[PDB]
């Protein structure tokens, strides 16, 4: 279709007061980045709840992807799902972000802001929802087709889901963390795609981004070894075109400079005693 441009935002959606806010709501920055990478058994139990709720919200919003829907409506459905299940939407009020999920159409790499933009036939849309409940976070995203998606765009989406799943399969105690981005990038590059560098996955727990970084490209200089009880996301963004990007005037929305489309998937993972468990169903 035509290159995207910003629509109009709807007003802030309320959250029932009884649902606890993360500490960072309304503040310039979050108190995150230096927390332990291995979680306690108590926190891991809590993170199974938050992950399940985030995965339900993402699935409910995904069911509404269809030509003619607005990205604001996806956000209303995600928001409603989270608050009906007792969870706060972690994006809402993180460094002022104004909505309860990120909706990233077509050439939007990440961090799209739900708004009056109407989806049309052929579009792809990433919906990224995080839930905060029991003092911990759960983060997941997926890219959904709207209507009759072109073969090159269908392939990019299915190969980005494959890359994410291949990477998840490598996770176990003792594995070098660098294998994740080796597996993602070696697979994506077979088809000539380019793996985004400047946005990464991350440890997650009682804080949204806890200071652990997970790269999605090949970077053998990272020495980090995976430990039982570590919790982190794998969330590669994969481009049909070049990596060069621009940020919109809202200071959030990241778009490819060449306007070629891009796809993402994300799960929150637990390193178990023997392998990996997807906490976001």
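Residue numbers count along the first chain shown, from 1.
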(request) Using the B-factors recorded in the PDB entry, average over the C-alpha atoms of 188-196 and of 125-133, then report which stretch comes out higher. (result) 188-196
(request) Averaging only over Cα atoms, indicate whether 218-226 or 231-239 has the higher B-factor in the PDB entry. (result) 218-226
(request) Divide the modelled residues of the chain into thirds by Cα B-factor and specify which third, lowest, middle or highest, holds residue 154. (result) highest
(request) Divide the modelled residues of the chain into thirds by Cα B-factor and specify which third, lowest, middle or highest, holds residue 145. (result) highest
(request) State the tercile, meaning the lowest, middle or highest third, of residue 267 with respect to the CA B-factors recorded for its chain. (result) lowest
(request) Divide the modelled residues of the chain into thirds by Cα B-factor and specify which third, lowest, middle or highest, holds residue 120. (result) highest
(request) Looking at the entry's B-factor column for C-alpha atoms only, identify whether residue 8 ranks in the lowest, middle or highest third of its chain. (result) highest
